[PDB]
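Below: start27.pdb (PDB, N, CA and C atoms)
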MODEL        1
ATOM      1  N   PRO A   2     -12.974 -33.017 -10.357  1.00  0.00           N
ATOM      2  CA  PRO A   2     -14.224 -32.413 -10.835  1.00  0.00           C
ATOM      3  C   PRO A   2     -14.045 -30.933 -11.141  1.00  0.00           C
ATOM      4  N   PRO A   3     -14.822 -30.420 -12.088  1.00  0.00           N
ATOM      5  CA  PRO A   3     -14.810 -28.959 -12.351  1.00  0.00           C
ATOM      6  C   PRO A   3     -15.214 -28.150 -11.065  1.00  0.00           C
ATOM      7  N   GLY A   4     -14.673 -26.948 -10.927  1.00  0.00           N
ATOM      8  CA  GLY A   4     -15.039 -26.093  -9.818  1.00  0.00           C
ATOM      9  C   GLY A   4     -16.493 -25.685  -9.909  1.00  0.00           C
ATOM     10  N   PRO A   5     -17.045 -25.156  -8.813  1.00  0.00           N
ATOM     11  CA  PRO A   5     -18.418 -24.652  -8.865  1.00  0.00           C
ATOM     12  C   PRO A   5     -18.490 -23.353  -9.658  1.00  0.00           C
ATOM     13  N   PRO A   6     -19.684 -22.987 -10.110  1.00  0.00           N
ATOM     14  CA  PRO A   6     -19.858 -21.736 -10.881  1.00  0.00           C
ATOM     15  C   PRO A   6     -19.455 -20.457 -10.064  1.00  0.00           C
ATOM     16  N   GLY A   7     -19.020 -19.417 -10.762  1.00  0.00           N
ATOM     17  CA  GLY A   7     -18.735 -18.151 -10.116  1.00  0.00           C
ATOM     18  C   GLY A   7     -20.022 -17.490  -9.663  1.00  0.00           C
ATOM     19  N   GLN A   8     -19.900 -16.436  -8.860  1.00  0.00           N
ATOM     20  CA  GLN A   8     -21.069 -15.688  -8.431  1.00  0.00           C
ATOM     21  C   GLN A   8     -21.670 -14.923  -9.607  1.00  0.00           C
ATOM     22  N   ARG A   9     -22.955 -14.597  -9.482  1.00  0.00           N
ATOM     23  CA  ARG A   9     -23.616 -13.802 -10.504  1.00  0.00           C
ATOM     24  C   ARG A   9     -22.962 -12.431 -10.623  1.00  0.00           C
ATOM     25  N   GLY A  10     -22.947 -11.913 -11.847  1.00  0.00           N
ATOM     26  CA  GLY A  10     -22.347 -10.619 -12.093  1.00  0.00           C
ATOM     27  C   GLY A  10     -23.094  -9.490 -11.410  1.00  0.00           C
ATOM     28  N   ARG A  11     -22.420  -8.347 -11.364  1.00  0.00           N
ATOM     29  CA  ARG A  11     -22.987  -7.159 -10.752  1.00  0.00           C
ATOM     30  C   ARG A  11     -24.216  -6.680 -11.513  1.00  0.00           C
ATOM     31  N   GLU A  12     -25.135  -6.046 -10.784  1.00  0.00           N
ATOM     32  CA  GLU A  12     -26.239  -5.364 -11.443  1.00  0.00           C
ATOM     33  C   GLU A  12     -25.678  -4.265 -12.336  1.00  0.00           C
ATOM     34  N   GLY A  13     -26.271  -4.112 -13.516  1.00  0.00           N
ATOM     35  CA  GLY A  13     -25.795  -3.169 -14.499  1.00  0.00           C
ATOM     36  C   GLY A  13     -25.806  -1.734 -14.014  1.00  0.00           C
ATOM     37  N   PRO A  14     -25.022  -0.879 -14.664  1.00  0.00           N
ATOM     38  CA  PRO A  14     -25.042   0.545 -14.318  1.00  0.00           C
ATOM     39  C   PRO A  14     -26.362   1.184 -14.716  1.00  0.00           C
ATOM     40  N   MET A  15     -26.661   2.296 -14.053  1.00  0.00           N
ATOM     41  CA  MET A  15     -27.862   3.057 -14.364  1.00  0.00           C
ATOM     42  C   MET A  15     -27.820   3.554 -15.805  1.00  0.00           C
ATOM     43  N   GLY A  16     -28.998   3.647 -16.417  1.00  0.00           N
ATOM     44  CA  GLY A  16     -29.112   4.128 -17.773  1.00  0.00           C
ATOM     45  C   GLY A  16     -28.815   5.609 -17.891  1.00  0.00           C
ATOM     46  N   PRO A  17     -28.700   6.098 -19.123  1.00  0.00           N
ATOM     47  CA  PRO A  17     -28.394   7.516 -19.328  1.00  0.00           C
ATOM     48  C   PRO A  17     -29.564   8.412 -18.950  1.00  0.00           C
ATOM     49  N   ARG A  18     -29.236   9.682 -18.738  1.00  0.00           N
ATOM     50  CA  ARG A  18     -30.234  10.686 -18.406  1.00  0.00           C
ATOM     51  C   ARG A  18     -31.194  10.895 -19.573  1.00  0.00           C
ATOM     52  N   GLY A  19     -32.453  11.174 -19.242  1.00  0.00           N
ATOM     53  CA  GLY A  19     -33.472  11.387 -20.240  1.00  0.00           C
ATOM     54  C   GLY A  19     -33.253  12.663 -21.027  1.00  0.00           C
ATOM     55  N   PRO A  20     -33.966  12.808 -22.152  1.00  0.00           N
ATOM     56  CA  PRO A  20     -33.871  14.025 -22.962  1.00  0.00           C
ATOM     57  C   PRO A  20     -34.523  15.204 -22.253  1.00  0.00           C
ATOM     58  N   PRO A  21     -34.171  16.420 -22.654  1.00  0.00           N
ATOM     59  CA  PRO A  21     -34.774  17.628 -22.047  1.00  0.00           C
ATOM     60  C   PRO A  21     -36.331  17.683 -22.247  1.00  0.00           C
ATOM     61  N   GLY A  22     -37.029  18.313 -21.311  1.00  0.00           N
ATOM     62  CA  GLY A  22     -38.470  18.431 -21.398  1.00  0.00           C
ATOM     63  C   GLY A  22     -38.933  19.241 -22.589  1.00  0.00           C
ATOM     64  N   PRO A  23     -40.235  19.179 -22.884  1.00  0.00           N
ATOM     65  CA  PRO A  23     -40.788  20.016 -23.946  1.00  0.00           C
ATOM     66  C   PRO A  23     -40.966  21.451 -23.478  1.00  0.00           C
ATOM     67  N   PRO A  24     -41.007  22.378 -24.428  1.00  0.00           N
ATOM     68  CA  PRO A  24     -41.245  23.801 -24.126  1.00  0.00           C
ATOM     69  C   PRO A  24     -42.496  24.027 -23.211  1.00  0.00           C
ATOM     70  N   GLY A  25     -42.415  25.014 -22.328  1.00  0.00           N
ATOM     71  CA  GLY A  25     -43.547  25.368 -21.500  1.00  0.00           C
ATOM     72  C   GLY A  25     -44.665  25.931 -22.349  1.00  0.00           C
ATOM     73  N   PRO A  26     -45.845  26.110 -21.749  1.00  0.00           N
ATOM     74  CA  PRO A  26     -46.944  26.709 -22.506  1.00  0.00           C
ATOM     75  C   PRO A  26     -46.760  28.213 -22.650  1.00  0.00           C
ATOM     76  N   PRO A  27     -47.406  28.801 -23.649  1.00  0.00           N
ATOM     77  CA  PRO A  27     -47.375  30.269 -23.821  1.00  0.00           C
ATOM     78  C   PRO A  27     -47.941  31.018 -22.552  1.00  0.00           C
ATOM     79  N   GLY A  28     -47.365  32.166 -22.219  1.00  0.00           N
ATOM     80  CA  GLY A  28     -47.797  32.912 -21.052  1.00  0.00           C
ATOM     81  C   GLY A  28     -47.498  34.396 -21.121  1.00  0.00           C
TER      82      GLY A  28
ATOM     83  N   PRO B   2     -10.360 -28.451 -13.223  1.00  0.00           N
ATOM     84  CA  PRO B   2     -10.414 -27.187 -13.964  1.00  0.00           C
ATOM     85  C   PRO B   2     -11.275 -26.155 -13.250  1.00  0.00           C
ATOM     86  N   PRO B   3     -11.049 -24.882 -13.551  1.00  0.00           N
ATOM     87  CA  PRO B   3     -11.876 -23.807 -12.965  1.00  0.00           C
ATOM     88  C   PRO B   3     -13.397 -23.980 -13.317  1.00  0.00           C
ATOM     89  N   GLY B   4     -14.269 -23.589 -12.399  1.00  0.00           N
ATOM     90  CA  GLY B   4     -15.694 -23.669 -12.643  1.00  0.00           C
ATOM     91  C   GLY B   4     -16.115 -22.717 -13.741  1.00  0.00           C
ATOM     92  N   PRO B   5     -17.339 -22.892 -14.253  1.00  0.00           N
ATOM     93  CA  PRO B   5     -17.842 -21.967 -15.272  1.00  0.00           C
ATOM     94  C   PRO B   5     -18.011 -20.566 -14.706  1.00  0.00           C
ATOM     95  N   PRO B   6     -17.967 -19.560 -15.570  1.00  0.00           N
ATOM     96  CA  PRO B   6     -18.218 -18.180 -15.127  1.00  0.00           C
ATOM     97  C   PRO B   6     -19.661 -18.024 -14.532  1.00  0.00           C
ATOM     98  N   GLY B   7     -19.840 -17.067 -13.630  1.00  0.00           N
ATOM     99  CA  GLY B   7     -21.147 -16.813 -13.065  1.00  0.00           C
ATOM    100  C   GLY B   7     -22.126 -16.288 -14.097  1.00  0.00           C
ATOM    101  N   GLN B   8     -23.398 -16.259 -13.714  1.00  0.00           N
ATOM    102  CA  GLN B   8     -24.436 -15.685 -14.556  1.00  0.00           C
ATOM    103  C   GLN B   8     -24.180 -14.204 -14.811  1.00  0.00           C
ATOM    104  N   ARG B   9     -24.667 -13.729 -15.956  1.00  0.00           N
ATOM    105  CA  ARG B   9     -24.659 -12.302 -16.236  1.00  0.00           C
ATOM    106  C   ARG B   9     -25.437 -11.553 -15.162  1.00  0.00           C
ATOM    107  N   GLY B  10     -25.007 -10.325 -14.886  1.00  0.00           N
ATOM    108  CA  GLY B  10     -25.728  -9.495 -13.947  1.00  0.00           C
ATOM    109  C   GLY B  10     -27.059  -9.013 -14.497  1.00  0.00           C
ATOM    110  N   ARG B  11     -27.914  -8.588 -13.573  1.00  0.00           N
ATOM    111  CA  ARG B  11     -29.208  -8.013 -13.911  1.00  0.00           C
ATOM    112  C   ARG B  11     -29.028  -6.706 -14.680  1.00  0.00           C
ATOM    113  N   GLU B  12     -29.980  -6.410 -15.568  1.00  0.00           N
ATOM    114  CA  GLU B  12     -29.957  -5.134 -16.274  1.00  0.00           C
ATOM    115  C   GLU B  12     -30.064  -3.982 -15.282  1.00  0.00           C
ATOM    116  N   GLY B  13     -29.293  -2.927 -15.531  1.00  0.00           N
ATOM    117  CA  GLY B  13     -29.241  -1.787 -14.648  1.00  0.00           C
ATOM    118  C   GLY B  13     -30.556  -1.038 -14.561  1.00  0.00           C
ATOM    119  N   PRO B  14     -30.669  -0.152 -13.577  1.00  0.00           N
ATOM    120  CA  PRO B  14     -31.910   0.610 -13.403  1.00  0.00           C
ATOM    121  C   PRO B  14     -32.053   1.696 -14.459  1.00  0.00           C
ATOM    122  N   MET B  15     -33.272   2.220 -14.557  1.00  0.00           N
ATOM    123  CA  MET B  15     -33.555   3.305 -15.487  1.00  0.00           C
ATOM    124  C   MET B  15     -32.793   4.561 -15.088  1.00  0.00           C
ATOM    125  N   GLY B  16     -32.355   5.322 -16.089  1.00  0.00           N
ATOM    126  CA  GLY B  16     -31.647   6.557 -15.855  1.00  0.00           C
ATOM    127  C   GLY B  16     -32.547   7.643 -15.306  1.00  0.00           C
ATOM    128  N   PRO B  17     -31.952   8.753 -14.875  1.00  0.00           N
ATOM    129  CA  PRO B  17     -32.746   9.845 -14.305  1.00  0.00           C
ATOM    130  C   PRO B  17     -33.549  10.569 -15.373  1.00  0.00           C
ATOM    131  N   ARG B  18     -34.644  11.189 -14.936  1.00  0.00           N
ATOM    132  CA  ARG B  18     -35.437  11.997 -15.852  1.00  0.00           C
ATOM    133  C   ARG B  18     -34.610  13.165 -16.374  1.00  0.00           C
ATOM    134  N   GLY B  19     -34.880  13.548 -17.621  1.00  0.00           N
ATOM    135  CA  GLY B  19     -34.159  14.611 -18.274  1.00  0.00           C
ATOM    136  C   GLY B  19     -34.365  15.964 -17.627  1.00  0.00           C
ATOM    137  N   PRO B  20     -33.565  16.953 -18.048  1.00  0.00           N
ATOM    138  CA  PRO B  20     -33.655  18.322 -17.533  1.00  0.00           C
ATOM    139  C   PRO B  20     -34.950  18.999 -17.962  1.00  0.00           C
ATOM    140  N   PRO B  21     -35.350  20.041 -17.241  1.00  0.00           N
ATOM    141  CA  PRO B  21     -36.574  20.794 -17.598  1.00  0.00           C
ATOM    142  C   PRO B  21     -36.517  21.406 -19.044  1.00  0.00           C
ATOM    143  N   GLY B  22     -37.670  21.490 -19.697  1.00  0.00           N
ATOM    144  CA  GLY B  22     -37.751  22.094 -21.011  1.00  0.00           C
ATOM    145  C   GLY B  22     -37.531  23.592 -20.969  1.00  0.00           C
ATOM    146  N   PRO B  23     -37.379  24.213 -22.145  1.00  0.00           N
ATOM    147  CA  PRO B  23     -37.236  25.672 -22.211  1.00  0.00           C
ATOM    148  C   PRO B  23     -38.527  26.374 -21.805  1.00  0.00           C
ATOM    149  N   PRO B  24     -38.430  27.630 -21.381  1.00  0.00           N
ATOM    150  CA  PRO B  24     -39.645  28.424 -21.074  1.00  0.00           C
ATOM    151  C   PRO B  24     -40.567  28.603 -22.339  1.00  0.00           C
ATOM    152  N   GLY B  25     -41.877  28.678 -22.125  1.00  0.00           N
ATOM    153  CA  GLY B  25     -42.814  28.855 -23.217  1.00  0.00           C
ATOM    154  C   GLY B  25     -42.705  30.210 -23.891  1.00  0.00           C
ATOM    155  N   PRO B  26     -43.388  30.371 -25.034  1.00  0.00           N
ATOM    156  CA  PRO B  26     -43.433  31.622 -25.803  1.00  0.00           C
ATOM    157  C   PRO B  26     -44.089  32.770 -25.037  1.00  0.00           C
ATOM    158  N   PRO B  27     -43.538  33.972 -25.166  1.00  0.00           N
ATOM    159  CA  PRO B  27     -44.160  35.172 -24.546  1.00  0.00           C
ATOM    160  C   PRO B  27     -45.488  35.618 -25.267  1.00  0.00           C
ATOM    161  N   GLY B  28     -46.334  36.356 -24.554  1.00  0.00           N
ATOM    162  CA  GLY B  28     -47.539  36.925 -25.131  1.00  0.00           C
ATOM    163  C   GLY B  28     -48.634  35.933 -25.476  1.00  0.00           C
TER     164      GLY B  28
ATOM    165  N   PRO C   2      -8.360 -33.186  -6.209  1.00  0.00           N
ATOM    166  CA  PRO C   2      -9.107 -32.077  -5.612  1.00  0.00           C
ATOM    167  C   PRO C   2      -9.899 -31.316  -6.665  1.00  0.00           C
ATOM    168  N   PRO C   3     -11.098 -30.877  -6.302  1.00  0.00           N
ATOM    169  CA  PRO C   3     -11.949 -30.109  -7.233  1.00  0.00           C
ATOM    170  C   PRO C   3     -11.272 -28.773  -7.702  1.00  0.00           C
ATOM    171  N   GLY C   4     -11.606 -28.330  -8.907  1.00  0.00           N
ATOM    172  CA  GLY C   4     -11.099 -27.071  -9.410  1.00  0.00           C
ATOM    173  C   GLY C   4     -11.627 -25.907  -8.604  1.00  0.00           C
ATOM    174  N   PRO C   5     -10.990 -24.739  -8.748  1.00  0.00           N
ATOM    175  CA  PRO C   5     -11.455 -23.555  -8.028  1.00  0.00           C
ATOM    176  C   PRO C   5     -12.752 -23.009  -8.599  1.00  0.00           C
ATOM    177  N   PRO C   6     -13.415 -22.162  -7.826  1.00  0.00           N
ATOM    178  CA  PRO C   6     -14.566 -21.462  -8.343  1.00  0.00           C
ATOM    179  C   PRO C   6     -14.155 -20.509  -9.501  1.00  0.00           C
ATOM    180  N   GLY C   7     -15.049 -20.375 -10.462  1.00  0.00           N
ATOM    181  CA  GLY C   7     -14.795 -19.554 -11.616  1.00  0.00           C
ATOM    182  C   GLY C   7     -15.009 -18.098 -11.310  1.00  0.00           C
ATOM    183  N   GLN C   8     -14.573 -17.263 -12.241  1.00  0.00           N
ATOM    184  CA  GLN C   8     -14.792 -15.822 -12.210  1.00  0.00           C
ATOM    185  C   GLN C   8     -16.267 -15.468 -12.071  1.00  0.00           C
ATOM    186  N   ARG C   9     -16.578 -14.455 -11.260  1.00  0.00           N
ATOM    187  CA  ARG C   9     -17.881 -13.809 -11.281  1.00  0.00           C
ATOM    188  C   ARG C   9     -18.356 -13.568 -12.708  1.00  0.00           C
ATOM    189  N   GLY C  10     -19.669 -13.603 -12.888  1.00  0.00           N
ATOM    190  CA  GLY C  10     -20.249 -13.351 -14.187  1.00  0.00           C
ATOM    191  C   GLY C  10     -20.061 -11.916 -14.645  1.00  0.00           C
ATOM    192  N   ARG C  11     -20.397 -11.688 -15.912  1.00  0.00           N
ATOM    193  CA  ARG C  11     -20.284 -10.362 -16.501  1.00  0.00           C
ATOM    194  C   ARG C  11     -21.227  -9.381 -15.815  1.00  0.00           C
ATOM    195  N   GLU C  12     -20.812  -8.116 -15.778  1.00  0.00           N
ATOM    196  CA  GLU C  12     -21.686  -7.044 -15.322  1.00  0.00           C
ATOM    197  C   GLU C  12     -22.955  -6.997 -16.167  1.00  0.00           C
ATOM    198  N   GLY C  13     -24.080  -6.703 -15.521  1.00  0.00           N
ATOM    199  CA  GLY C  13     -25.329  -6.532 -16.227  1.00  0.00           C
ATOM    200  C   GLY C  13     -25.254  -5.388 -17.217  1.00  0.00           C
ATOM    201  N   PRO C  14     -26.114  -5.407 -18.230  1.00  0.00           N
ATOM    202  CA  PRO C  14     -26.107  -4.321 -19.213  1.00  0.00           C
ATOM    203  C   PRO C  14     -26.590  -3.023 -18.589  1.00  0.00           C
ATOM    204  N   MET C  15     -26.168  -1.918 -19.198  1.00  0.00           N
ATOM    205  CA  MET C  15     -26.618  -0.607 -18.750  1.00  0.00           C
ATOM    206  C   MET C  15     -28.134  -0.508 -18.866  1.00  0.00           C
ATOM    207  N   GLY C  16     -28.754   0.145 -17.884  1.00  0.00           N
ATOM    208  CA  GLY C  16     -30.192   0.261 -17.830  1.00  0.00           C
ATOM    209  C   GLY C  16     -30.768   1.128 -18.931  1.00  0.00           C
ATOM    210  N   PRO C  17     -32.095   1.154 -19.036  1.00  0.00           N
ATOM    211  CA  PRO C  17     -32.738   1.981 -20.061  1.00  0.00           C
ATOM    212  C   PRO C  17     -32.599   3.464 -19.756  1.00  0.00           C
ATOM    213  N   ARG C  18     -32.752   4.260 -20.809  1.00  0.00           N
ATOM    214  CA  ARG C  18     -32.672   5.708 -20.693  1.00  0.00           C
ATOM    215  C   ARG C  18     -33.814   6.247 -19.839  1.00  0.00           C
ATOM    216  N   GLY C  19     -33.525   7.314 -19.098  1.00  0.00           N
ATOM    217  CA  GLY C  19     -34.528   7.978 -18.302  1.00  0.00           C
ATOM    218  C   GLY C  19     -35.586   8.632 -19.165  1.00  0.00           C
ATOM    219  N   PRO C  20     -36.730   8.974 -18.562  1.00  0.00           N
ATOM    220  CA  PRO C  20     -37.802   9.647 -19.299  1.00  0.00           C
ATOM    221  C   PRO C  20     -37.443  11.088 -19.641  1.00  0.00           C
ATOM    222  N   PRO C  21     -38.118  11.651 -20.636  1.00  0.00           N
ATOM    223  CA  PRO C  21     -37.940  13.078 -20.971  1.00  0.00           C
ATOM    224  C   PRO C  21     -38.271  14.007 -19.748  1.00  0.00           C
ATOM    225  N   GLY C  22     -37.576  15.135 -19.646  1.00  0.00           N
ATOM    226  CA  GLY C  22     -37.778  16.051 -18.541  1.00  0.00           C
ATOM    227  C   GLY C  22     -39.164  16.660 -18.493  1.00  0.00           C
ATOM    228  N   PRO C  23     -39.483  17.337 -17.383  1.00  0.00           N
ATOM    229  CA  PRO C  23     -40.763  18.037 -17.278  1.00  0.00           C
ATOM    230  C   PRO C  23     -40.812  19.211 -18.242  1.00  0.00           C
ATOM    231  N   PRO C  24     -42.008  19.618 -18.645  1.00  0.00           N
ATOM    232  CA  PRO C  24     -42.140  20.791 -19.532  1.00  0.00           C
ATOM    233  C   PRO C  24     -41.544  22.082 -18.868  1.00  0.00           C
ATOM    234  N   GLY C  25     -41.061  23.009 -19.686  1.00  0.00           N
ATOM    235  CA  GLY C  25     -40.513  24.246 -19.170  1.00  0.00           C
ATOM    236  C   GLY C  25     -41.553  25.103 -18.479  1.00  0.00           C
ATOM    237  N   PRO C  26     -41.106  26.187 -17.836  1.00  0.00           N
ATOM    238  CA  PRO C  26     -42.049  27.109 -17.203  1.00  0.00           C
ATOM    239  C   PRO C  26     -42.841  27.874 -18.257  1.00  0.00           C
ATOM    240  N   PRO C  27     -43.970  28.449 -17.862  1.00  0.00           N
ATOM    241  CA  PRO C  27     -44.836  29.179 -18.823  1.00  0.00           C
ATOM    242  C   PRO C  27     -44.146  30.457 -19.434  1.00  0.00           C
ATOM    243  N   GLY C  28     -44.741  31.022 -20.479  1.00  0.00           N
ATOM    244  CA  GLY C  28     -44.194  32.205 -21.116  1.00  0.00           C
ATOM    245  C   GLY C  28     -44.293  33.452 -20.258  1.00  0.00           C
TER     246      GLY C  28
ENDMDL
END
Here is the file; what I need is its structure written in the form of structure tokens.
Amino acid sequence: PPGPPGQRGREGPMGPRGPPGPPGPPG
Amino acid sequence: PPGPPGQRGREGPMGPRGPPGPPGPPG
Amino acid sequence: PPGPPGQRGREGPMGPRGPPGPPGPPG
């Protein structure tokens, strides 16, 4: 008989860092 | 024969929030 | 005799991009 299935793969890596914030308000 | 490959892993977590925005306009 | 267990599944896809950063400091 065929072997049993392998274990589920690893959880994916974290996504990339977000873009920089918008400019602050005038002061 | 060898068993089938395991399931694909879960999608990775969301990336970190982006860096702070530039300082606002003077005056 | 039964076949061996198969390879672990593929790594999960990379996660979504992080959110945009906080707004900059005031002027």
Here's a check: after a least-squares fit over all in-order C-alpha atoms, write chain A in the frame of chain B, as a short mmCIF file (atom, residue, chain, number, x, y, z; two decimals) with N, CA and C atoms, in the coordinates of the input.
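Here's the written file result-v5.cif:
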data_model
loop_
_atom_site.label_atom_id
_atom_site.label_comp_id
_atom_site.auth_asym_id
_atom_site.auth_seq_id
_atom_site.Cartn_x
_atom_site.Cartn_y
_atom_site.Cartn_z
N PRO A 2 -11.26 -29.01 -12.01
CA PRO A 2 -11.37 -27.89 -12.96
C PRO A 2 -12.10 -26.71 -12.33
N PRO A 3 -11.77 -25.50 -12.77
CA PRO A 3 -12.53 -24.31 -12.32
C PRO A 3 -14.06 -24.43 -12.70
N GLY A 4 -14.92 -23.84 -11.88
CA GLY A 4 -16.33 -23.83 -12.18
C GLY A 4 -16.62 -23.03 -13.43
N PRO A 5 -17.82 -23.19 -13.99
CA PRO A 5 -18.19 -22.37 -15.14
C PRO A 5 -18.45 -20.93 -14.73
N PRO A 6 -18.42 -20.01 -15.69
CA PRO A 6 -18.67 -18.58 -15.38
C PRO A 6 -20.10 -18.33 -14.79
N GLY A 7 -20.23 -17.29 -13.98
CA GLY A 7 -21.53 -16.90 -13.47
C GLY A 7 -22.38 -16.32 -14.58
N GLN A 8 -23.67 -16.13 -14.31
CA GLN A 8 -24.55 -15.51 -15.29
C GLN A 8 -24.21 -14.03 -15.46
N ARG A 9 -24.59 -13.48 -16.61
CA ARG A 9 -24.38 -12.06 -16.85
C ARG A 9 -25.15 -11.23 -15.84
N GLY A 10 -24.57 -10.09 -15.48
CA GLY A 10 -25.20 -9.21 -14.52
C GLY A 10 -26.50 -8.61 -15.03
N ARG A 11 -27.24 -8.05 -14.09
CA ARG A 11 -28.52 -7.43 -14.40
C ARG A 11 -28.33 -6.22 -15.31
N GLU A 12 -29.35 -5.95 -16.13
CA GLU A 12 -29.36 -4.71 -16.89
C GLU A 12 -29.38 -3.54 -15.91
N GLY A 13 -28.63 -2.49 -16.23
CA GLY A 13 -28.48 -1.35 -15.36
C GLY A 13 -29.79 -0.65 -15.06
N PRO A 14 -29.81 0.12 -13.98
CA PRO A 14 -31.01 0.91 -13.67
C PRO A 14 -31.20 2.03 -14.68
N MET A 15 -32.45 2.48 -14.77
CA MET A 15 -32.79 3.59 -15.65
C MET A 15 -32.02 4.85 -15.24
N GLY A 16 -31.69 5.67 -16.23
CA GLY A 16 -31.00 6.91 -15.98
C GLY A 16 -31.86 7.93 -15.28
N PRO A 17 -31.25 9.03 -14.83
CA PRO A 17 -32.01 10.06 -14.12
C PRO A 17 -32.95 10.82 -15.05
N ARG A 18 -33.92 11.47 -14.43
CA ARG A 18 -34.89 12.28 -15.16
C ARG A 18 -34.20 13.47 -15.82
N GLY A 19 -34.71 13.85 -16.99
CA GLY A 19 -34.16 14.96 -17.73
C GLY A 19 -34.39 16.29 -17.05
N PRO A 20 -33.68 17.33 -17.50
CA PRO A 20 -33.86 18.67 -16.95
C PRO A 20 -35.21 19.25 -17.36
N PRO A 21 -35.68 20.26 -16.63
CA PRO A 21 -36.97 20.91 -16.97
C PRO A 21 -36.94 21.56 -18.40
N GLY A 22 -38.10 21.63 -19.05
CA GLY A 22 -38.20 22.21 -20.36
C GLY A 22 -37.86 23.69 -20.39
N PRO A 23 -37.67 24.24 -21.59
CA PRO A 23 -37.45 25.68 -21.71
C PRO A 23 -38.76 26.45 -21.57
N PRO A 24 -38.65 27.72 -21.20
CA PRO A 24 -39.83 28.60 -21.08
C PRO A 24 -40.74 28.57 -22.36
N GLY A 25 -42.04 28.67 -22.16
CA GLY A 25 -42.97 28.75 -23.27
C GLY A 25 -42.76 30.04 -24.04
N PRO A 26 -43.40 30.15 -25.21
CA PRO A 26 -43.28 31.40 -25.96
C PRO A 26 -44.15 32.49 -25.36
N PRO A 27 -43.82 33.74 -25.64
CA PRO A 27 -44.66 34.88 -25.19
C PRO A 27 -46.14 34.77 -25.73
N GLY A 28 -47.11 35.19 -24.92
CA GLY A 28 -48.50 35.10 -25.32
C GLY A 28 -49.40 36.10 -24.62
#
(Q) Going by the chain IDs and residue numbers used in this file, which residues fall under the PyMOL selection byres ((chain B and resi 3) around 6.5)? Write them as JSON, numbers by chain. (A) {"A": [3, 4, 5], "B": [2, 4, 5], "C": [4, 5, 6, 7]}
Name all residues at most 7 Å from residue B:25 (count all atoms listed in the file; drop same-chain ones fewer than 6 positions away) and give them as a ChimeraX atom specification.
/A:24-28 /C:25-28
Would you mind exporting the chosen residues as a compact mmCIF listing (two decimals), keeping the file's coordinate frame, restricted to N, CA and C atoms?
# COMPACT_ATOMS: atom_id res chain seq x y z
N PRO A 24 -41.01 22.38 -24.43
CA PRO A 24 -41.24 23.80 -24.13
C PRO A 24 -42.50 24.03 -23.21
N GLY A 25 -42.42 25.01 -22.33
CA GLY A 25 -43.55 25.37 -21.50
C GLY A 25 -44.66 25.93 -22.35
N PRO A 26 -45.84 26.11 -21.75
CA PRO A 26 -46.94 26.71 -22.51
C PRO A 26 -46.76 28.21 -22.65
N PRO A 27 -47.41 28.80 -23.65
CA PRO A 27 -47.38 30.27 -23.82
C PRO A 27 -47.94 31.02 -22.55
N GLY A 28 -47.36 32.17 -22.22
CA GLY A 28 -47.80 32.91 -21.05
C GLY A 28 -47.50 34.40 -21.12
N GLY C 25 -41.06 23.01 -19.69
CA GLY C 25 -40.51 24.25 -19.17
C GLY C 25 -41.55 25.10 -18.48
N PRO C 26 -41.11 26.19 -17.84
CA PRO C 26 -42.05 27.11 -17.20
C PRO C 26 -42.84 27.87 -18.26
N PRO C 27 -43.97 28.45 -17.86
CA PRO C 27 -44.84 29.18 -18.82
C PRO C 27 -44.15 30.46 -19.43
N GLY C 28 -44.74 31.02 -20.48
CA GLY C 28 -44.19 32.20 -21.12
C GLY C 28 -44.29 33.45 -20.26
Exercise. Determine, counting only C-alpha atoms, which protein, DNA and RNA residues have an atom within 9 Å of an atom of residue B:20; residues of the same chain fewer than 5 positions away are not included. Present the result as a ChimeraX atom specification.
Key: /A:18-22 /C:21-23
Query - Residues selected by the PyMOL selection byres ((chain C and resi 17) around 6.5), written as a ChimeraX atom specification - result: /A:15-17 /B:13-16 /C:15-16,18-19
Please report, as JSON, the centre and edge lengths in Å to one decimal of an axis-aligned box covering all listed atoms of stretch 8-18 of chain C with 6 Å per side.
{"center_x": -24.2, "center_y": -5.5, "center_z": -16.0, "size_x": 31.2, "size_y": 35.5, "size_z": 21.5}
For residue A:9, please output as a short mmCIF file (atom, residue, chain, number, x, y, z; two decimals) with N, CA and C atoms, in the frame of the given file all residues within 8 Å (counting only C-alpha atoms; exclusion window: fewer than 3 positions along the same chain).
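So the final result, stored in out_22.cif, reads:
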data_model
loop_
_atom_site.label_atom_id
_atom_site.label_comp_id
_atom_site.auth_asym_id
_atom_site.auth_seq_id
_atom_site.Cartn_x
_atom_site.Cartn_y
_atom_site.Cartn_z
N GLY B 7 -19.84 -17.07 -13.63
CA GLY B 7 -21.15 -16.81 -13.06
C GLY B 7 -22.13 -16.29 -14.10
N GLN B 8 -23.40 -16.26 -13.71
CA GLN B 8 -24.44 -15.68 -14.56
C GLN B 8 -24.18 -14.20 -14.81
N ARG B 9 -24.67 -13.73 -15.96
CA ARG B 9 -24.66 -12.30 -16.24
C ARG B 9 -25.44 -11.55 -15.16
N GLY B 10 -25.01 -10.32 -14.89
CA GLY B 10 -25.73 -9.49 -13.95
C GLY B 10 -27.06 -9.01 -14.50
N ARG C 9 -16.58 -14.46 -11.26
CA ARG C 9 -17.88 -13.81 -11.28
C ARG C 9 -18.36 -13.57 -12.71
N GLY C 10 -19.67 -13.60 -12.89
CA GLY C 10 -20.25 -13.35 -14.19
C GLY C 10 -20.06 -11.92 -14.64
N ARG C 11 -20.40 -11.69 -15.91
CA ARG C 11 -20.28 -10.36 -16.50
C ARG C 11 -21.23 -9.38 -15.82
#
